[PDB]
Amino acid sequence: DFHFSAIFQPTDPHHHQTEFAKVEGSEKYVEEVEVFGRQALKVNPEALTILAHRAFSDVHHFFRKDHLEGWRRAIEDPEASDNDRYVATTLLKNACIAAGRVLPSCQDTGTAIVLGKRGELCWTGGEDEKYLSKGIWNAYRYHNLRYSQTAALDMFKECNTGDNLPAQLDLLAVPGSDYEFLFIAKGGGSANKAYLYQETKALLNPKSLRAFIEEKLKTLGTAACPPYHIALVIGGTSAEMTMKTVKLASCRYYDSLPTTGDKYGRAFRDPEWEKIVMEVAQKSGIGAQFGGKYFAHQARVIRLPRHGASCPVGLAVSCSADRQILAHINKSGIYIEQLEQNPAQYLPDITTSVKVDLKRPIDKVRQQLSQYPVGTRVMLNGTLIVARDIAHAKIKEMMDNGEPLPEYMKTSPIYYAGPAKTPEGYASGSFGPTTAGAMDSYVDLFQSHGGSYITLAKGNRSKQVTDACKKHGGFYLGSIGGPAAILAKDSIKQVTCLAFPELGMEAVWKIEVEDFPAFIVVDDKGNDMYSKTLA
Amino acid sequence: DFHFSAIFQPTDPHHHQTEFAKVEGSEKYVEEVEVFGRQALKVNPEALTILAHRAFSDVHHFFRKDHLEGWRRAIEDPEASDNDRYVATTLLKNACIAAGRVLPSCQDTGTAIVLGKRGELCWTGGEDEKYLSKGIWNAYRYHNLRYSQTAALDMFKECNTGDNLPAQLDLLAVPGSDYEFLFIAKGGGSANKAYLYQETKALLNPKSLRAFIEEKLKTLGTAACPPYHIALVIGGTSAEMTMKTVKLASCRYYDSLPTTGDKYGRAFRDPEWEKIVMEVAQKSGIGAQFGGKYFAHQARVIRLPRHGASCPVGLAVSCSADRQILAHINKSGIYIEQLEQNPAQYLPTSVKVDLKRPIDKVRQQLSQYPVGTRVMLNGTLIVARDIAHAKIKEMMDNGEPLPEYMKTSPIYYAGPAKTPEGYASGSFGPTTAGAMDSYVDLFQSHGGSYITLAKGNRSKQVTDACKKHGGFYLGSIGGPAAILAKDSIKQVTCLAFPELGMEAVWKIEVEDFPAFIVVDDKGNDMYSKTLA
Ligand code: SF4
Ligand code: SF4
């Protein structure tokens with residue numbers, strides 16, 4: 001009566017539906033042998049370095065077709081809002097810049113994640129983690145990417161690792177003699193929008209599940225640069241298994257799963273509820289960051305088995321920096337997924353913004369902004385003072401010790417961002433905004449001390465920021481989230497380090513910008529352009 | 001220059017600190033060979049079946065020393081409350097029964113989880129998941145365990161798989177030629193108390209982190225049968241990595257990690273903050289289920305690297321059914337962690353309630369006492385949990401009456417393990433009450449569920465319901481499923497929905513069934529102070 005049933009039964013387990021390119025000459029890294037009557041493959045571990053290096057280079061300059069098609073859909077759909085089309089056009093133009101292979105598509109070049117599946121008879125010498133890490137190290141060291149990993153010297157003392165290591169290296173033991181991979185360059189903002197819910201059987205009916213989906217999708221907000229690939233996993237054998245599944249679902253790794261369950265508890269994709277997720281996302285009005293229909297590119301819904309007493313649920317997104325790449329090593333060499341190298345083909349063949357001069361007293365800038373309602377698009381020209389999470393924490397710590405808010409926090413709008421490395425001969429590397437919500441706890445304090453009256457970042461913010469701006473006559477401006485390469489190429493004209501150089505990308509910078517687009521998200525009157533869609 | 005640094009650098013990666021017994025004759029399943037100048041191991045895959053079968057049999061009848069030592073500490077501590085000692089004594093006596101190898105220590109024999117680490121040159125034939133699953137199937141089929149896995153035929157239509165499969169099989173590729181394992185029989189209740197938080201740099205200071213810990217520990221409540229092994233993971237490279245780490249930390253799998261960080265971002269255990277967690281747990285007053293000092297056995301705190309923009313945080317517990325077993329296969333055969341087979345060495349006022357009356361008489365008697373009163377129940381209980389409640393709500397939504405069996409007796413939220421031959425009942429302890437909270441006001445408004453019996457603190461809607469309708473919630477001790485079956489449960493009958501397996505509605509006759517009045521008919525809740 002025993003019947004083994006693997007939980008995951010893809011019809012395309014080796015991803016034949018994906019197009020791959022062979023690394024030229026790479027068959028020299030492999031050798032077919034036979035031991036004890038079984039076919040095995042000897043792999044020079046240098047192949048893992050070569051592969052990881054190319055993967056974490058390619059993925060920062062090109063996108064998959066299904067991602068690019070989503071931006072085109074947002075441009076061509078009559079039901080898309082004007083802001084939907086504007087945002088998607090900006091992201092497509094950014095992708096065209098990134099395809100130049102100099103600037104990465106986002107300043108957050110992400111955490112390096114490797115899902116590896118090493119066959120029983122695939123023999124590497126066993127030092128896979130080191131050789132993969134050397135390839136990741138190469139990609140981030142010798143290209144214009146960013147070192148984003150923060151080491152803990154103790155519970156609270158931190159430093160940047162300076163090389164974007166350590167990677168997340170999940171190497172699985174599987175049948176056969178090949179080595180198969182999914183590489184992910186996972187941005188922090190979308191990683192933060194991976195949520196775990198501990199639910200019950202009471203959720204598992206159509207009315208409760210739809211209400212749940214409507215409630216939770218809003219908590220994603222715009223803080224991870226939509227349009228999103230939305231992934232929803234219902235059930236699972238443990239919290240960690242649910243969350244791993246929702247990550248992989250968001251990378252479209254489970255697209256070939258069956259679409260029906262069985263009495264053995266196999267996983268399945270649920271197209272009916274994917275359509276419902278898309279309807280909820282579209283009808284939400286949240287839109288592609290600034291109101292409209294294109295909150296989501298597409299949706300993936302996986303139903304999993306569960307312990308009778310349990311119902312873990314996972315919700316996660318892939319952001320505008322949608323970065324994954326499949327690969328495999330076999331008897332013919334190294335193969336790597338082919339991404340779209342001509343994103344410009346997705347762009348169409350075919351008095352809308354307020355010019356804001358920042359080279360004025362900051363009180364003059366506040367006065368001009370006060371004339372306009374939330375949702376007004378502005379174009380910024382002048383100096384921004386750049387500071388995000390660690391710089392804000394350090395400045396608050398100084399003030400807690402009796403020191404004043406530094407003067408450089410009062411002269412210019414505060415841009416929450418951390419730049420990638422500067423290409424030779426460029427004024428700036430990729431330099432888009434970080435998530436605004438992480439700085440929310442500092443706004444009222446800083447404004448009470450005469451600074452941070454105007455902030456510039458991306459994402460909806462908490463009510464304390466709306467209240468602070470109303471109390472102190474402040475504003476929060478929402479940059480487009482994601483278009484870091486076109487901002488650097490076209491808008492950022494000069495970058496200088498002003499304070500805290502030891503923080504790396506998290507130092508305080510003074511930058512000069514031109515034609516920098518943003519929306520007035522929070523005004524000085526209690527208004528918030530997300531108050532209706534994210535209520 | 002490039003310097004590779006593994007995130008996890010245990011000083012005891014092969015768990016030499018654990019004692020193992022070799023399965024007799026198991027050297028016949030392995031053969032050491034030498035291929036292209038390197039040492040390799042041929043493993044007959046039947047070894048995986050034998051090993052998984054023994055692991056998921058042993059683990060339901062014995063515990064680790066550090067778990068048992070915690071129960072003794074709660075009994076012997078002068079600062080423990082009377083309820084601390086009562087619960088810990090009950091759990092130890094339950095372990096003594098489970099050590100007889102007939103009744104499992106808990107009715108929830110858990111989800112079968114396998115963490116496997118197969119060396120590059122360990123050759124099994126590659127069908128590891130099937131052979132491991134067959135061993136798990138054997139353990140749950142041929143022993144007095146429970147089938148707890150619920151398959152989704154579609155998004156909402158469900159059925160029990162009838163064999164406790166599928167298992168969670170996480171098989172990793174590692175260096176060498178051995179095969180190393182951690183087997184976990186993970187209860188649903190403690191699995192439900194694995195939480196993920198998305199935090200920021202604003203958390204990473206002593207004042208904010210301590211307040212955060214105090215806040216989140218309370219949300220564990222008593223719903224996963226404390227004393228807890230509490231695990232806290234600060235940071236991580238992804239949510240799933242943070243949650244896998246906190247699971248393993250709760251199994252004491254990472255006990256040998258370094259205790260200092262470095263500029264390469266290595267993981268470390270933080271003993272200073274483990275002590276702070278234990279201090280918060282003790283000062284909370286939550287206690288071993290019913291108030292006191294022994295909310296927690298011990299604590300593990302692991303600090304992980306993080307993306308600059310991110311700070312995932314994981315919190316998870318191991319419950320009273322603390323069930324994990326390390327194992328490895330090498331050139332000498334199959335080795336399995338030795339658990340404590342003589343738990344008895346760790347061992348050193350109530351109101352009689354007759355249920356064989358009209359339920360209004362039982363409600364009247366219970367109304368005479370405050371919350372915190374210990375009661376002993378004698379008579380019929382009607383047993384129903386998650387799916388049965390959902391089916392009954394659906395019936396009433398379709399105009400049908402609340403069934404008679406929800407109106408005659410206290411409702412025991414439980415699902416039994418299989419009955420041993422010649423026994424009146426298999427292991428039969430309570431399930432978590434909170435999952436049924438959304439039904440209480442509805443059912444009471446329709447004349448039933450006035451008295452419920454389970455374990456764990458409940459939400460305010462249940463307190464309001466019991467005050468509005470004159471109801472009560474009784475808290476059984478959580479965990480002691482074998483001694484409850486041996487001593488209290490005299491007759492078991494399937495009443496309705498037999499297709500639900502353990503989740504069917506049961507009618508059972510009990511004697512000397514202990515419980516506390518947790519919620520009364522007046523708005524009181526014995527957790528209102530500690531879990532506010
Ligand atoms: S800034 Fe936006 S697009 Fe870039 S990694 Fe973060 S969430 Fe993704
Ligand atoms: S009933 Fe309690 S002891 Fe048993 S598995 Fe659930 S939480 Fe653990």
# chains A, B, ... in the order shown; residues from 1 in each chain; ligands from 1
$ residues_around --residues "residue 332 (chain A)" --least-positions-apart "2" --cutoff "12 Å" --atoms "only C-alpha atoms" --output "JSON, numbers by chain"
{"A": [21, 22, 23, 24, 25, 26, 27, 28, 29, 30, 31, 32, 41, 42, 43, 178, 179, 328, 329, 330, 334, 335]}
$ residues_around --residues "residue 294 (chain B)" --least-positions-apart "5" --cutoff "8 Å" --atoms "only C-alpha atoms" --output "PyMOL selection string"
chain B and resi 74+80+84+226-227+281-282+286-288
$ write_last_selection --atoms "N, CA, C and O atoms" --output "mmCIF file, in the first residue's frame"
data_model
loop_
_atom_site.group_PDB
_atom_site.id
_atom_site.type_symbol
_atom_site.label_atom_id
_atom_site.label_comp_id
_atom_site.auth_asym_id
_atom_site.auth_seq_id
_atom_site.Cartn_x
_atom_site.Cartn_y
_atom_site.Cartn_z
ATOM 1 N N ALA B 74 12.282 22.479 36.888
ATOM 2 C CA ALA B 74 11.024 23.111 37.264
ATOM 3 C C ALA B 74 10.440 22.492 38.530
ATOM 4 O O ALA B 74 9.789 23.188 39.314
ATOM 5 N N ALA B 80 9.938 28.058 41.492
ATOM 6 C CA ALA B 80 8.855 27.600 40.633
ATOM 7 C C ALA B 80 7.520 27.699 41.362
ATOM 8 O O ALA B 80 7.442 27.532 42.581
ATOM 9 N N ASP B 84 3.823 25.302 38.063
ATOM 10 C CA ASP B 84 5.047 24.869 37.382
ATOM 11 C C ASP B 84 5.372 23.421 37.725
ATOM 12 O O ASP B 84 5.597 22.588 36.838
ATOM 13 N N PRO B 226 4.383 24.858 26.640
ATOM 14 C CA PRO B 226 5.656 25.126 27.328
ATOM 15 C C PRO B 226 5.826 24.196 28.518
ATOM 16 O O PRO B 226 4.865 23.527 28.925
ATOM 17 N N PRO B 227 7.028 24.130 29.129
ATOM 18 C CA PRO B 227 8.288 24.864 28.894
ATOM 19 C C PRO B 227 8.846 24.736 27.475
ATOM 20 O O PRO B 227 8.880 23.643 26.908
ATOM 21 N N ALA B 281 11.795 35.486 29.756
ATOM 22 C CA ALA B 281 10.863 34.367 29.875
ATOM 23 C C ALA B 281 10.481 34.114 31.326
ATOM 24 O O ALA B 281 9.305 33.886 31.636
ATOM 25 N N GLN B 282 11.459 34.154 32.231
ATOM 26 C CA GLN B 282 11.174 33.885 33.636
ATOM 27 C C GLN B 282 10.358 35.012 34.254
ATOM 28 O O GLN B 282 9.366 34.763 34.948
ATOM 29 N N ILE B 286 4.500 33.845 32.823
ATOM 30 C CA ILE B 286 3.644 32.936 32.061
ATOM 31 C C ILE B 286 3.769 31.510 32.584
ATOM 32 O O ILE B 286 2.773 30.790 32.709
ATOM 33 N N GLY B 287 4.993 31.072 32.864
ATOM 34 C CA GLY B 287 5.214 29.800 33.516
ATOM 35 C C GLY B 287 5.049 28.609 32.590
ATOM 36 O O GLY B 287 4.849 28.727 31.377
ATOM 37 N N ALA B 288 5.138 27.427 33.198
ATOM 38 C CA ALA B 288 4.911 26.171 32.489
ATOM 39 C C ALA B 288 3.402 25.948 32.347
ATOM 40 O O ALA B 288 2.790 25.142 33.049
#
$ interface_residues --of "chain B" --to "chain A" --cutoff "6 Å" --atoms "only C-alpha atoms" --output "PyMOL selection string"
chain B and resi 4+126+130+148-154+156+161+171-173+175+188+196+204+240+243-244+261-265+305-310
$ write_last_selection --atoms "C-alpha atoms" --output "PDB file, in the first residue's frame"
ATOM      1  CA  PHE B   4      35.848  32.354   1.611  1.00  0.00           C
ATOM      2  CA  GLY B 126      19.979   8.189  -5.791  1.00  0.00           C
ATOM      3  CA  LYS B 130      11.661   7.095  -1.757  1.00  0.00           C
ATOM      4  CA  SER B 148      -1.600  13.901  10.547  1.00  0.00           C
ATOM      5  CA  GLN B 149      -1.016  15.016   6.942  1.00  0.00           C
ATOM      6  CA  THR B 150      -3.854  16.728   5.066  1.00  0.00           C
ATOM      7  CA  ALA B 151      -3.765  16.621   1.263  1.00  0.00           C
ATOM      8  CA  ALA B 152      -5.360  19.338  -0.866  1.00  0.00           C
ATOM      9  CA  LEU B 153      -7.375  17.779  -3.686  1.00  0.00           C
ATOM     10  CA  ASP B 154      -8.097  21.336  -4.793  1.00  0.00           C
ATOM     11  CA  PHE B 156     -10.311  23.831  -0.423  1.00  0.00           C
ATOM     12  CA  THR B 161      -3.287  11.010   3.328  1.00  0.00           C
ATOM     13  CA  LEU B 171      18.806  16.485   1.310  1.00  0.00           C
ATOM     14  CA  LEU B 172      21.987  18.557   0.959  1.00  0.00           C
ATOM     15  CA  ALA B 173      25.156  17.943  -1.056  1.00  0.00           C
ATOM     16  CA  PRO B 175      31.908  17.055   1.112  1.00  0.00           C
ATOM     17  CA  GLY B 188       1.890  21.092  14.446  1.00  0.00           C
ATOM     18  CA  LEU B 196       8.979  35.682  10.803  1.00  0.00           C
ATOM     19  CA  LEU B 204      19.517  46.810  16.405  1.00  0.00           C
ATOM     20  CA  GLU B 240      13.535  31.206   4.318  1.00  0.00           C
ATOM     21  CA  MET B 243      13.351  30.453   9.370  1.00  0.00           C
ATOM     22  CA  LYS B 244      15.405  27.341   8.608  1.00  0.00           C
ATOM     23  CA  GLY B 261      31.216  37.544  14.816  1.00  0.00           C
ATOM     24  CA  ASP B 262      33.852  38.697  12.352  1.00  0.00           C
ATOM     25  CA  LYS B 263      34.311  40.964   9.345  1.00  0.00           C
ATOM     26  CA  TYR B 264      33.344  38.097   7.023  1.00  0.00           C
ATOM     27  CA  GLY B 265      29.854  37.893   8.528  1.00  0.00           C
ATOM     28  CA  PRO B 305      24.607  38.580   8.441  1.00  0.00           C
ATOM     29  CA  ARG B 306      22.110  40.743   6.608  1.00  0.00           C
ATOM     30  CA  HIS B 307      21.635  42.808   3.478  1.00  0.00           C
ATOM     31  CA  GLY B 308      22.002  46.473   4.422  1.00  0.00           C
ATOM     32  CA  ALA B 309      18.351  47.176   3.568  1.00  0.00           C
ATOM     33  CA  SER B 310      16.988  44.109   5.411  1.00  0.00           C
TER      34      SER B 310
END
$ residues_near_ligand --ligand "ligand 2" --cutoff "10 Å" --atoms "only C-alpha atoms and all ligand atoms" --output "JSON, numbers by chain"
{"A": [309], "B": [91, 105, 106, 107, 108, 109, 110, 111, 185, 186, 187, 188, 189, 190, 191, 192, 193, 222, 223, 224, 225, 226, 227, 228, 317, 318, 319, 320, 321, 322, 323, 414, 415, 428, 429, 430, 431, 432, 454, 455, 456, 477, 478, 479, 480, 481]}
$ write_last_selection --atoms "N, CA and C atoms" --output "short mmCIF file (atom, residue, chain, number, x, y, z; two decimals), in the first residue's frame"
data_model
loop_
_atom_site.label_atom_id
_atom_site.label_comp_id
_atom_site.auth_asym_id
_atom_site.auth_seq_id
_atom_site.Cartn_x
_atom_site.Cartn_y
_atom_site.Cartn_z
N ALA A 309 -3.17 20.44 12.10
CA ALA A 309 -3.23 21.55 13.06
C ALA A 309 -2.64 22.84 12.51
N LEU B 91 4.28 15.96 32.94
CA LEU B 91 4.98 15.67 31.70
C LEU B 91 6.04 14.58 31.89
N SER B 105 4.59 9.70 23.12
CA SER B 105 4.55 10.74 24.15
C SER B 105 3.47 11.78 23.87
N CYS B 106 3.12 12.00 22.61
CA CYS B 106 2.04 12.92 22.28
C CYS B 106 1.15 12.31 21.21
N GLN B 107 -0.14 12.64 21.25
CA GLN B 107 -1.04 12.17 20.19
C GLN B 107 -0.64 12.74 18.84
N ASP B 108 -0.09 13.95 18.83
CA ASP B 108 0.41 14.55 17.59
C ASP B 108 1.81 14.02 17.35
N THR B 109 1.89 12.93 16.59
CA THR B 109 3.18 12.33 16.28
C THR B 109 3.91 13.08 15.17
N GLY B 110 3.38 14.22 14.74
CA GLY B 110 4.14 15.24 14.06
C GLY B 110 4.24 15.05 12.55
N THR B 111 4.83 16.06 11.92
CA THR B 111 5.30 15.96 10.54
C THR B 111 6.68 15.33 10.55
N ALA B 185 10.47 14.90 14.39
CA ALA B 185 9.04 14.61 14.40
C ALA B 185 8.37 15.87 14.96
N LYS B 186 7.98 16.77 14.07
CA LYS B 186 7.64 18.14 14.44
C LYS B 186 6.14 18.27 14.65
N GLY B 187 5.74 18.57 15.88
CA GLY B 187 4.33 18.78 16.16
C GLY B 187 3.80 20.01 15.47
N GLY B 188 2.51 19.96 15.11
CA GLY B 188 1.89 21.09 14.45
C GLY B 188 1.82 22.31 15.34
N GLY B 189 1.59 22.10 16.64
CA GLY B 189 1.42 23.23 17.54
C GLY B 189 2.67 24.09 17.66
N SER B 190 3.83 23.45 17.80
CA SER B 190 5.07 24.21 17.85
C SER B 190 5.49 24.69 16.46
N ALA B 191 5.14 23.93 15.41
CA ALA B 191 5.36 24.43 14.06
C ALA B 191 4.59 25.72 13.82
N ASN B 192 3.39 25.83 14.41
CA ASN B 192 2.60 27.05 14.29
C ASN B 192 3.23 28.22 15.02
N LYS B 193 4.09 27.95 16.00
CA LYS B 193 4.80 29.00 16.73
C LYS B 193 6.20 29.20 16.16
N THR B 222 0.83 30.11 25.75
CA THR B 222 0.96 28.71 26.13
C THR B 222 0.46 27.76 25.05
N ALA B 223 0.26 28.25 23.82
CA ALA B 223 -0.40 27.47 22.78
C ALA B 223 0.47 26.37 22.19
N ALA B 224 1.75 26.29 22.54
CA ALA B 224 2.61 25.21 22.06
C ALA B 224 3.20 24.41 23.21
N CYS B 225 2.45 24.27 24.31
CA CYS B 225 2.80 23.40 25.44
C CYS B 225 4.19 23.70 26.02
N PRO B 226 4.38 24.86 26.64
CA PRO B 226 5.66 25.13 27.33
C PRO B 226 5.83 24.20 28.52
N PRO B 227 7.03 24.13 29.13
CA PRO B 227 8.29 24.86 28.89
C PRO B 227 8.85 24.74 27.47
N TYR B 228 9.28 25.86 26.92
CA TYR B 228 9.78 25.94 25.55
C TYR B 228 11.30 25.85 25.50
N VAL B 317 9.82 27.78 18.69
CA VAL B 317 9.99 26.99 19.90
C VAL B 317 10.04 25.51 19.54
N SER B 318 10.65 24.74 20.44
CA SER B 318 10.40 23.31 20.53
C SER B 318 9.50 23.07 21.73
N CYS B 319 8.45 22.28 21.53
CA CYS B 319 7.40 22.09 22.52
C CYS B 319 7.74 20.94 23.47
N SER B 320 6.79 20.61 24.35
CA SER B 320 6.96 19.48 25.26
C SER B 320 7.25 18.19 24.51
N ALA B 321 6.70 18.03 23.30
CA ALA B 321 7.03 16.89 22.45
C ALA B 321 8.28 17.22 21.63
N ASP B 322 9.37 17.39 22.37
CA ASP B 322 10.67 17.78 21.82
C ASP B 322 11.30 16.53 21.21
N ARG B 323 11.24 16.41 19.87
CA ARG B 323 11.50 15.15 19.17
C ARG B 323 12.45 15.38 18.00
N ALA B 414 -9.50 17.64 20.21
CA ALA B 414 -8.42 16.66 20.19
C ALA B 414 -8.57 15.73 18.99
N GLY B 415 -7.45 15.07 18.65
CA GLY B 415 -7.41 14.03 17.66
C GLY B 415 -6.48 12.92 18.10
N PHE B 428 -3.98 10.60 23.46
CA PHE B 428 -5.20 11.37 23.24
C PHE B 428 -5.21 12.66 24.06
N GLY B 429 -4.18 13.50 23.89
CA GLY B 429 -4.13 14.80 24.53
C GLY B 429 -4.76 15.90 23.67
N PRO B 430 -4.87 17.10 24.23
CA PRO B 430 -5.59 18.18 23.54
C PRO B 430 -4.78 18.82 22.42
N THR B 431 -5.52 19.45 21.50
CA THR B 431 -4.93 20.30 20.48
C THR B 431 -5.09 21.77 20.87
N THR B 432 -4.49 22.66 20.07
CA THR B 432 -4.47 24.08 20.39
C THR B 432 -5.86 24.69 20.27
N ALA B 454 -9.38 22.21 26.03
CA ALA B 454 -8.23 22.09 25.15
C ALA B 454 -6.99 22.60 25.90
N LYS B 455 -6.02 23.14 25.15
CA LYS B 455 -4.85 23.76 25.76
C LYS B 455 -4.49 25.02 24.99
N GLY B 456 -3.88 25.96 25.70
CA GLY B 456 -3.46 27.22 25.12
C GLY B 456 -4.37 28.37 25.48
N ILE B 477 -3.84 20.12 30.78
CA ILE B 477 -2.40 20.12 30.59
C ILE B 477 -2.12 19.79 29.13
N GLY B 478 -1.17 20.51 28.53
CA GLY B 478 -0.79 20.29 27.15
C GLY B 478 0.43 19.40 27.07
N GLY B 479 0.31 18.32 26.29
CA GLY B 479 1.42 17.40 26.12
C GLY B 479 1.28 15.99 26.67
N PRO B 480 0.59 15.78 27.83
CA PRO B 480 0.69 14.46 28.48
C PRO B 480 -0.27 13.43 27.89
N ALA B 481 -0.12 13.16 26.59
CA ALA B 481 -1.12 12.40 25.86
C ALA B 481 -1.14 10.92 26.25
#
$ atom_distance --atom1 "CA of residue 89 (chain A)" --atom2 "CA of residue 493 (chain A)"
22.3 Å
$ atom_distance --atom1 "CA of residue 220 (chain B)" --atom2 "CA of residue 434 (chain B)"
11.7 Å
$ select_by_dssp --residues "region 32-171 of chain A" --states "alpha helix (DSSP H)" --output "number ranges by chain"
A: 46-58, 65-76, 82-98, 128-142
$ closest_residue --among "A:496, A:412, A:376, A:105" --to "ligand 1" --atoms "only C-alpha atoms and all ligand atoms"
A:105
$ closest_residue --among "A:510, A:323, A:471, A:532" --to "ligand 1" --atoms "only C-alpha atoms and all ligand atoms"
A:323
$ residues_around --residues "residue 486 (chain B)" --least-positions-apart "3" --cutoff "10 Å" --atoms "only C-alpha atoms" --output "PDB file with N, CA, C and O atoms, in the first residue's frame"
ATOM      1  N   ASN B  94       4.254  11.320  32.089  1.00  0.00           N
ATOM      2  CA  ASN B  94       3.877  10.960  30.726  1.00  0.00           C
ATOM      3  C   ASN B  94       5.054  10.342  29.981  1.00  0.00           C
ATOM      4  O   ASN B  94       4.897   9.333  29.283  1.00  0.00           O
ATOM      5  N   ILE B  97       5.514   6.748  30.832  1.00  0.00           N
ATOM      6  CA  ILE B  97       4.584   5.873  30.121  1.00  0.00           C
ATOM      7  C   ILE B  97       5.049   5.661  28.686  1.00  0.00           C
ATOM      8  O   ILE B  97       5.053   4.533  28.176  1.00  0.00           O
ATOM      9  N   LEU B 103       2.641   3.557  23.765  1.00  0.00           N
ATOM     10  CA  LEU B 103       1.977   4.836  23.530  1.00  0.00           C
ATOM     11  C   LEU B 103       3.015   5.900  23.193  1.00  0.00           C
ATOM     12  O   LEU B 103       4.043   5.988  23.878  1.00  0.00           O
ATOM     13  N   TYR B 423      -5.783  -1.938  24.203  1.00  0.00           N
ATOM     14  CA  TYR B 423      -5.910  -0.688  24.935  1.00  0.00           C
ATOM     15  C   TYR B 423      -7.260  -0.049  24.632  1.00  0.00           C
ATOM     16  O   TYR B 423      -7.819  -0.227  23.547  1.00  0.00           O
ATOM     17  N   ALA B 424      -7.782   0.701  25.605  1.00  0.00           N
ATOM     18  CA  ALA B 424      -9.033   1.422  25.383  1.00  0.00           C
ATOM     19  C   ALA B 424      -8.837   2.624  24.466  1.00  0.00           C
ATOM     20  O   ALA B 424      -9.767   3.015  23.752  1.00  0.00           O
ATOM     21  N   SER B 425      -7.641   3.208  24.457  1.00  0.00           N
ATOM     22  CA  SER B 425      -7.400   4.437  23.718  1.00  0.00           C
ATOM     23  C   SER B 425      -5.918   4.540  23.397  1.00  0.00           C
ATOM     24  O   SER B 425      -5.068   4.102  24.179  1.00  0.00           O
ATOM     25  N   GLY B 426      -5.620   5.106  22.230  1.00  0.00           N
ATOM     26  CA  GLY B 426      -4.279   5.559  21.944  1.00  0.00           C
ATOM     27  C   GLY B 426      -4.030   6.892  22.622  1.00  0.00           C
ATOM     28  O   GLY B 426      -4.889   7.435  23.313  1.00  0.00           O
ATOM     29  N   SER B 427      -2.830   7.429  22.414  1.00  0.00           N
ATOM     30  CA  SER B 427      -2.507   8.727  22.992  1.00  0.00           C
ATOM     31  C   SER B 427      -3.524   9.762  22.529  1.00  0.00           C
ATOM     32  O   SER B 427      -3.902   9.799  21.354  1.00  0.00           O
ATOM     33  N   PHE B 428      -3.978  10.599  23.461  1.00  0.00           N
ATOM     34  CA  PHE B 428      -5.200  11.369  23.238  1.00  0.00           C
ATOM     35  C   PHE B 428      -5.206  12.662  24.060  1.00  0.00           C
ATOM     36  O   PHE B 428      -6.128  12.946  24.828  1.00  0.00           O
ATOM     37  N   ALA B 481      -0.121  13.165  26.593  1.00  0.00           N
ATOM     38  CA  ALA B 481      -1.124  12.398  25.860  1.00  0.00           C
ATOM     39  C   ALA B 481      -1.138  10.924  26.248  1.00  0.00           C
ATOM     40  O   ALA B 481      -2.195  10.285  26.189  1.00  0.00           O
ATOM     41  N   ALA B 482       0.013  10.364  26.621  1.00  0.00           N
ATOM     42  CA  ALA B 482       0.067   8.939  26.934  1.00  0.00           C
ATOM     43  C   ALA B 482      -0.538   8.638  28.300  1.00  0.00           C
ATOM     44  O   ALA B 482      -1.283   7.663  28.446  1.00  0.00           O
ATOM     45  N   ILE B 483      -0.238   9.461  29.309  1.00  0.00           N
ATOM     46  CA  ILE B 483      -0.800   9.212  30.634  1.00  0.00           C
ATOM     47  C   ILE B 483      -2.292   9.534  30.659  1.00  0.00           C
ATOM     48  O   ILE B 483      -3.061   8.876  31.371  1.00  0.00           O
ATOM     49  N   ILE B 489      -8.862   7.901  29.906  1.00  0.00           N
ATOM     50  CA  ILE B 489      -9.792   7.613  28.818  1.00  0.00           C
ATOM     51  C   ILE B 489     -10.175   6.135  28.848  1.00  0.00           C
ATOM     52  O   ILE B 489      -9.324   5.259  28.661  1.00  0.00           O
ATOM     53  N   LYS B 490     -11.463   5.859  29.068  1.00  0.00           N
ATOM     54  CA  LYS B 490     -11.942   4.500  29.286  1.00  0.00           C
ATOM     55  C   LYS B 490     -12.676   3.910  28.089  1.00  0.00           C
ATOM     56  O   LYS B 490     -12.735   2.680  27.963  1.00  0.00           O
TER      57      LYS B 490
END
$ select_by_dssp --residues "region 181-319 of chain B" --states "strand (DSSP E)" --output "MDAnalysis selection string"
chainID B and resid 181:186 194:199 228:234 268:269 296:303 306:307 311:318
$ residues_around --residues "residue 167 (chain B)" --least-positions-apart "3" --cutoff "8 Å" --atoms "only C-alpha atoms" --output "PyMOL selection string"
(chain A and resi 237) or (chain B and resi 111-114+133+136+164)
$ write_last_selection --atoms "C-alpha atoms" --output "short mmCIF file (atom, residue, chain, number, x, y, z; two decimals), in the first residue's frame"
data_model
loop_
_atom_site.label_atom_id
_atom_site.label_comp_id
_atom_site.auth_asym_id
_atom_site.auth_seq_id
_atom_site.Cartn_x
_atom_site.Cartn_y
_atom_site.Cartn_z
CA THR A 237 5.28 21.16 5.79
CA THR B 111 5.30 15.96 10.54
CA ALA B 112 8.24 13.78 9.52
CA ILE B 113 11.19 16.06 8.65
CA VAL B 114 14.56 14.80 7.36
CA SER B 133 9.80 7.82 2.91
CA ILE B 136 8.80 6.81 7.63
CA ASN B 164 1.50 10.63 7.58
#
